[PDB]
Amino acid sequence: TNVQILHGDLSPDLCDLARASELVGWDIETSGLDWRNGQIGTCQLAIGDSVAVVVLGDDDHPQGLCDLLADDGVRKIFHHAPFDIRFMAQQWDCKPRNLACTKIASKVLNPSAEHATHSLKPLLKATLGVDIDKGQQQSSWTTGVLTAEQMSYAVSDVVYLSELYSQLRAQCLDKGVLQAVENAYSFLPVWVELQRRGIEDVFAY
């Protein structure tokens, strides 16, 4: 894994590589859970054998990252895409396209499992035998400065997503639920627009 640290936006070279990539792993770190009035601190992208950690500041509107997020020709893989894409769509006024989610896949595969088993850490252990440390999850991500410990945590949160997705995708195919999962993925851009306009669940009364 080739780790790069950036600020303000993704580099043009990595934007180009992302457009040619099969899959782009994506995660964010934030001020908290407040997608409306909070702040994105980092974007971490896994592009090929590279992981890029982009440190963001107050009122950053990264054009390269938003163009990538909005590009329907680039497949983005998240763990719990709803959280990340809602934060980015609202904070950047960005329309995300071509989105996939390992947590949604886990839930469609095993809907009656205990809720905790769908979290990234247990899911990585159960699916790939990979152990990650979530200790820095609740650190302060929005100061424009990263510690080495934060960098390690940020890389670990994104670097396994493409492999996790590929394994979960295979499990969905084996069970005959991949089309169902893909129908959930195709609704994600609609879901987040509804969120921004105040419809919290279009399927509720």
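Heads up: residue numbers just count along the shown sequence, starting at 1.
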Quiz item: Higher mean Cα B-factor in the deposited model: 97-105 or 119-127?
Solution: 119-127
Self-check item: Higher-B stretch (mean Cα B-factor, as the entry records it), 191-199 or 15-23
Solution: 15-23
Quiz item: At the C-alpha atoms, which of 161, 54, 168, 66 reaches the highest B-factor in this entry?
Solution: 66
Quiz item: Sorting the chain's CA B-factors, does residue 157 end up in the lowest, middle or highest third?
Solution: middle
Self-check item: residue 32 by Cα B-factor - lowest, middle or highest third of the modelled chain
Solution: middle
Exercise. For residue 45, return the chain-relative third of its C-alpha B-factor as stated in the PDB record: lowest, middle or highest.
Key: lowest
Quiz prompt | residue 84 - which third its CA temperature factor falls in, relative to the rest of the chain | solution = lowest
